[PDB]
Amino acid sequence: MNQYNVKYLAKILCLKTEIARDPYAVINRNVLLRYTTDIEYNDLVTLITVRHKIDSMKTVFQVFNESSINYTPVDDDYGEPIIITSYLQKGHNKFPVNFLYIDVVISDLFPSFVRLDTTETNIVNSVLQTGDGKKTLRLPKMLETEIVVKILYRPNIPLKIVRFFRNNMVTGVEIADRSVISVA
Amino acid sequence: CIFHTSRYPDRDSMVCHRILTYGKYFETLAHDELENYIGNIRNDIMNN
Amino acid sequence: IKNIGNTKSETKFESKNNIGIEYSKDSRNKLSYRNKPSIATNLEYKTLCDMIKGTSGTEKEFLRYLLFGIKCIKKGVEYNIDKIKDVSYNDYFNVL
Amino acid sequence: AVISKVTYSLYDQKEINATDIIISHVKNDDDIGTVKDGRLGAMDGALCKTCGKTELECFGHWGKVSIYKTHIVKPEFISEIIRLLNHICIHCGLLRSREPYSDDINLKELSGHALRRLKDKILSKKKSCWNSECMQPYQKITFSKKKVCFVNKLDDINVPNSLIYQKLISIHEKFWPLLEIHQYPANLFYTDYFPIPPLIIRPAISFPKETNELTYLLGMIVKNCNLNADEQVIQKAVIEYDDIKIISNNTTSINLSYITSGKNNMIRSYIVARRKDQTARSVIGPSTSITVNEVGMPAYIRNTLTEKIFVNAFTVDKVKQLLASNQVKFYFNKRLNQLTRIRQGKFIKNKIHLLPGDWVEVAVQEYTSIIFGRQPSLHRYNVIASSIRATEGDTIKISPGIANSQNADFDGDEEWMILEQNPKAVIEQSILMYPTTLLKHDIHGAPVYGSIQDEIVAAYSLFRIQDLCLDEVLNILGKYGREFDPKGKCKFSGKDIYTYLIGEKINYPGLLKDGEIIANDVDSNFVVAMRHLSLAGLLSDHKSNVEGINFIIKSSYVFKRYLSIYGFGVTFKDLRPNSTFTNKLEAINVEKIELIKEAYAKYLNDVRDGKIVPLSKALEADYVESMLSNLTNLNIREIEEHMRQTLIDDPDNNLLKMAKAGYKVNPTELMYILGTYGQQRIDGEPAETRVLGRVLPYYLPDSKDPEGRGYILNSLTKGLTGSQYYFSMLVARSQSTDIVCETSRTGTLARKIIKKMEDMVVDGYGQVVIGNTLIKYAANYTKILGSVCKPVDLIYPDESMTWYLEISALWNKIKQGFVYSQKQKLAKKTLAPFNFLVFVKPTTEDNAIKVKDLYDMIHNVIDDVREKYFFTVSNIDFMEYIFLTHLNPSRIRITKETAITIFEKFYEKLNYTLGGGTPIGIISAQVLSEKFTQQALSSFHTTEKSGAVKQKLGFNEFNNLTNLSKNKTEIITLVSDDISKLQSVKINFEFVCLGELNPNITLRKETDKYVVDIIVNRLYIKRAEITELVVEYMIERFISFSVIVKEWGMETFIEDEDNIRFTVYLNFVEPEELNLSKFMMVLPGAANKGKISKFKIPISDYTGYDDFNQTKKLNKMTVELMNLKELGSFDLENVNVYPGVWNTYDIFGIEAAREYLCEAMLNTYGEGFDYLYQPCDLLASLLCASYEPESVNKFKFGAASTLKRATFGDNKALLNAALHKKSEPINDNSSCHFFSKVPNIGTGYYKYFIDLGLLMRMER
Amino acid sequence: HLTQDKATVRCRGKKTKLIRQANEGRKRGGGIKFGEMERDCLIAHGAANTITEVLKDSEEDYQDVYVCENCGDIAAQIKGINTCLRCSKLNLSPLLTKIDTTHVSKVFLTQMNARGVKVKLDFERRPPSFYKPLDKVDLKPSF
Amino acid sequence: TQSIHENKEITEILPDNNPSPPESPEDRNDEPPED
Amino acid sequence: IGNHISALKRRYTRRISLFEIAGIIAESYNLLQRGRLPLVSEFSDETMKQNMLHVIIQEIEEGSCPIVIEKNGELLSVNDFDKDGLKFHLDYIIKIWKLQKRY
Ligand SMILES: [Mg+2]
Ligand SMILES: [Zn+2]
Ligand SMILES: [Zn+2]
Ligand SMILES: [Zn+2]
């Protein structure tokens, strides 16, 4: 955890707040225009306060290093500690240092993605069938440990398909879908 | 040449080469065959 | 300047500088701990006692830049490389 | 009767034993019992003694030889055995662990992670036997490769195969999943008998016939079997019979593996390729009596090739008449599968009976379709099926209209012909491979046929001729002048002729208006193939390809009639009427070069004295280069002004006619001919000095003369001198050698790409899929044929438009992808579905459709198509944006009929154009391969020298991208608007050494010390962009950690206003003088900072886009790194970072990696190749189809078939499939070709039946 | 370089013994080779039947060949009876089925069997299908 | 020449010269070690 | 909502391209060439004096073409495709055949 990568993580802990508010929102850079952040750094526990401009509602994240974790809920706590780890590991609140060498969210290569609801999922499943009995096609794959999957996480809503709005040079925007496969 | 490599005649330069004409092929072949002939004679005498 | 190193991980140098460059790439040529100075010098200054010990951050850099500036002022030079004028060669290559 | 699944496995021993043919002797009276006896099959003039049939109907039988108690290892699986000996204890034969020997755990209800972890633990045990049964250390057995036997590394002790066999067989089945054993360990050895293959695969070698090598090796095996010898002899014989390369290193001996040796496999030289019977090849030539649909055939080929006529109720009488007239050459009796060569008066008439289903072969007839082409076949248009026309001579005649599509000319080229007469093939040739069907290119859509060379000039001239009477117009028109209508005129222009030729009233912005040309002139872009303004293309878009082909034929005819009537020729007096201009330009050059030399000499003399600090070598070269470039541009301007003046004075100059028409002439070529030849470069730089600081001995040592390093002053009219000629030939020969090397490499890359994408097609719902995976929802983003879609201008929102709010909303929805390339490019084009612009006609504001009605029509049509043809998934806002902006009432008014026609054409294109089974993937692969091959072979790209890190263009970069090699440096780019954040990184990463600053190091010795003085001039420090304290830190850091210095001290002095003196006091460790010399030798280069690399790290500026009307200024820098770890402590907040492919995959994900690959691959091509975006997008989408990127050299994640791998060139896939017992279906093109099945491509994408219901309801 | 020194044409002729294909050599009346780049081009046209017939043996060289569904051996014909010797020796009665492949395929598979790899083929036995009337569809827009 | 729709122009890449078709094929220790 | 998409896809199945009609014509022509019985109306000794391609086109147009094609898990006769697309492709094919001297 140092004094710089916390300023990179505070941006991810605004997309996570958005998803906490509305699990079916579209996530990309522009979401940051609706939030403000305040950071208090320390070598043991860092405090990140995220504020929604229109609602004026606060969310407080406590950031620890992997080795030393001393977590006690505070006012408006996010309800779960944020952990910076040495390597990539499973868990929606665990982020490797590899993810925080640069300001990730604002790069031109950060994706734009969303979670499909039940109706859209049924439409996709129906579209994938070949019409010959029950044979069906398969969407391409993506690992469960990607930062996209970490940002889109809700405890009681399993995630199976993620929809991406690709930049397209000739049509502007394009739509693609991927299926999330578990990692042992 | 260790310190100024580019100023020393390169290996592909024609400055450091010579050329074989018709006669030299035959000369070299005669040399080699004469040596092999004498070697075979020596080995035969030693074996006998 | 902070500690940025190199390891044996194509370049065309002058071959008189390349010997030292490739010598420096072998970690076997460096001591494991810094070897402090042992010959006294700069006897006309006391800020060295301040920089040599204790100050081990931006304060050290500030003090040594101050020392350089003081030397320049005593000598009577600009002491600011930005404020020195660089000769312009366009006076030779402006023809045509 | 349809093959649907193929399974591989290893034979059982009892299966090998199940044969009654036993081989015992190496010789015998009649080979009986030998490796050559007849029971194994038939041979030259001898029936098979088993089935009693000749060679043509006997496929052989199996034998065996006896081996006496000698277990034999199968060579190919030798390594496998080693892998199985590292999982068990040799002495006691038990696994190297104990957990598997536990009843508390049942392996049946667990797999994957559990088994893998247990196997990992078992392998990692690697310690003296845990069990006390033997309590022995574990050994490490390996095949010696010099002695044909297994030996232990610790002790050079031969381990008999019997022991290994006994240990391996003991393993129980329940532990196989842990060891990845599928069938049986016992199947890896032969125990009681060794098989002897039939005679089919080893016929006698003819040219007395020599013995076959495989027969010889089998006999050698047999010789050592009955002898009752040691296992080593038999094993070595078996290995050299099967695979000699296991032990030896010679790749010339023939054995079983020779079939899959290398590029000369059996599959890729006889299964997916072969020689045929109805073929020919000959030189080509031009003909004006042949259209693009036809090909002329020489007599000597017509009298040899033959065609088939089937006997049925329709043709029986004609066949009888042909037999009567002695015109039948062959007859085939289908009920006997018997072919007879019907002679001319030398045969029987009764032998013919003409039952239905038979056929006869006669001489080939005109208008029969024949396949023909030119090699190398780089893309689809090199092989086509055309109608036969009789011609004269012994050359194959083609129309010049197809020359470009094949890259052919008539300086000695050749072409080949084949004739397939199966009825299905006949129909498919007539429809699918007909040139009229291939008019529009698959990707960019332009026509592939057109005029060439002098025709172009004729076109340009025809449009300009003014005063013609009716007779002259008709003389030009020729046989197409019957329908010409001299309405009421008596004088005609060339515009009238062009209007007549374009028999349509269509409008297209720029070119046409009411079927008339409104441009200023007609040029190459109008009548040449692959151009973006072709009139045939517009005609095809309006109606169909038939109209386009008709226009091509007719226009070519009239152009050549213009050439016949008026002629065309370039003379010497057109190029150089006299010696005024050339002399003027020569004098100008002679003066300017001397001025440059004097300037350079003045600078050198000033430096040679103490007046200025010299420049760096690079900067001095840059200044000289700038002066020479200024001179070259001066010559260019002179040539342009001369061209203009000559056009004024002599308007009928043929050379300037060629220049204007757009054919091969421009100011640069004329500069070469009449002006100057300019700087010659190799690898973007002039020739290098070699011996005395010079290139040739015509210049003094260390010469600074520019002319002596490759700047040529003369022109071709003047004539080059000897040394200028040397430099020119240097460039030429380097080009040719590079061409040869690239010709070698590009073919390999192209084949790999083609093999990878070959099986990607469009399914029955307009989706792009490969195997069982969905690649893309909408084929071309439109579910329309690719050659029908049309690029069109992109019109940014504006407040003067009619439906402004809706257009701005659509733009805000789709603008994300229109700013690309690190925010320094704004898109200018989009893709419209079908080129509606030829259907648009303006009207007079009262007969027009109402605004509200037009908006409703557009909106409702888009919603309907969105739900009915894209199934509510894809996003087609770009189509609606195009329709709202290109038909905006503030821009143009149209009638209701025009709108209805436009949308009806839209629906027709949606319904009838794209169909399932389209080979989209292979077409994309061929387009990319042909493009980079042709760019490589014509030296399209030119190398350049740069001071900062750049990504290169050309074939090499594309190959690097496709390979996806790991563990290399990546070019990380950083862009920001606050320059301090970049300056910090630059100062901490840019490499500087003391030797670069041109110091003045001196050394002296005093009692108890050595004093070293380093004097540095401030200007070099400033140019290096550092401070004095940076240099001091470099020196101090090097000295402090040195291992050859004992005592040290430092100080600094200001010598004067422009020098700094660093003084070092030293005492070295013993030995003294040796270390002193080493220190003085290594000092200049070992005092440095930053990351070692050959590139500096400058910071540049450029203007970037936030939108179409918002702009910003950004600072940029580039640096090469293995990864981004070093950056983790540099405060790069609000800094845009662009890493390489593997770093972006690791940080962002697979989608970002796919995007990076697509963009980089497109960039490797150059500037004006935007249309290649669609193919690349597919290829990238293929590489990132799994959850991780995958190279193009490996089948790692894709579930490729064993035969697919073998055809790709694996050479070991079949053995692994046998070992693992893989069962596969048959869907690939390779698998289908192997078994003679119809690929699931095009017509073969469907399955056909026959409905007998109606036939059985008829009664005689 | 003269035309008649480069002209070539073939209708029928000899074959190579091992693989039974057209021989090589202009002076020996050999044929022109159909390479796999031409094969790629023909697949790019979508003409599946054309390439299928190009890569196959001549229809005039057909003959009946049977294969044992159990082990993949080409069943021999003894006294006019099809029989798989290997499986008969083991007291088995496997099904013999007719195949239509190229000679070089048989050579390749036999040589692979020599090295120890067993190649087994199955055949498709799809159940019968029946045609049913289908209602009409228009597909035109509402204008 | 003239410019109408230069933003959609397509460039031509076709070599002028191509290779003619192929025709029918038809110890004294006296050398350096060359390490 | 799956039923809606299924219906849309079933309707989508009925569009016709060049590959399918070319395959149907190829099958019919091969079978007729090798000696099957034409299924035209008014079959008589005069039917054998026409051109086989005229016979095939007539069989298609009058709805007596025996070829059945499988596309998306269904079985379609040449008359179950959209009629306008059939006319469109047949017009193109007949034009180019006339250019070749086949029709
Ligand atoms: Mg040529
Ligand atoms: Zn036999
Ligand atoms: Zn043991
Ligand atoms: Zn069998």
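In what follows, chains carry the letters A, B, and so on, assigned in the order in which the sequence lines appear, proteins first and then strands, with residues in each chain numbered from 1. All heavy atoms count here, side chains included; hydrogens, waters and symmetry mates do not.
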Where on [X] is there a heavy atom nearer than 4.5 Å to chain A: the side chain, the backbone, both, or neither?
X	answer
D:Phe871	both
D:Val769	side chain
D:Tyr1145	side chain

If you look at every heavy atom in [X] and [Y], which pair is closest and at what distance?
X	Y	result
A:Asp103	D:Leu1132	CB-O, 4.0 Å
D:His113	A:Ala184	CD2-CB, 3.6 Å
A:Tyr4	D:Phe1130	CD1-N, 4.1 Å
A:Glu146	D:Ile1150	OE2-N, 3.6 Å

By a 4.5 Å heavy-atom criterion (distance strictly below it), what part of [X] contacts chain D: side chain, backbone, both, or neither?
X	value
A:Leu88	neither
A:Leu109	both
A:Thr130	backbone
A:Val124	side chain
A:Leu100	neither
A:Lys135	neither
A:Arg178	side chain
A:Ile102	side chain
A:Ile147	side chain
A:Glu174	side chain
A:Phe164	side chain
A:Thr136	backbone

Checklist entry - Going through the distances and angles, do D:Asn1123 and A:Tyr101 end up as a side-chain hydrogen bond (donor to acceptor under 3.5 Å, both in side chains)? => result CA-CA 10 Å; D:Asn1123 59 40; A:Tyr101 292 151; over 6 Å; no

Checklist entry - If you count heavy-atom pairs under 4.5 Å with chain A, which of D:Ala827, D:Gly764, D:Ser1186 comes out on top? => result D:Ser1186

Next on the checklist: If you define the side chain from C-beta out and look only at heavy atoms, does anything of D:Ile814 sit under 4.5 Å from A:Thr171?
Outcome noted: no

Item to check | Pairwise side-chain contact, A:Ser107 with D:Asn1136, heavy-atom cut-off 4.5 Å (strictly under) | outcome: yes

Next on the checklist: Side chains of D:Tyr1138 and A:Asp108: any donor to acceptor distance under 3.5 Å?
Outcome noted: yes

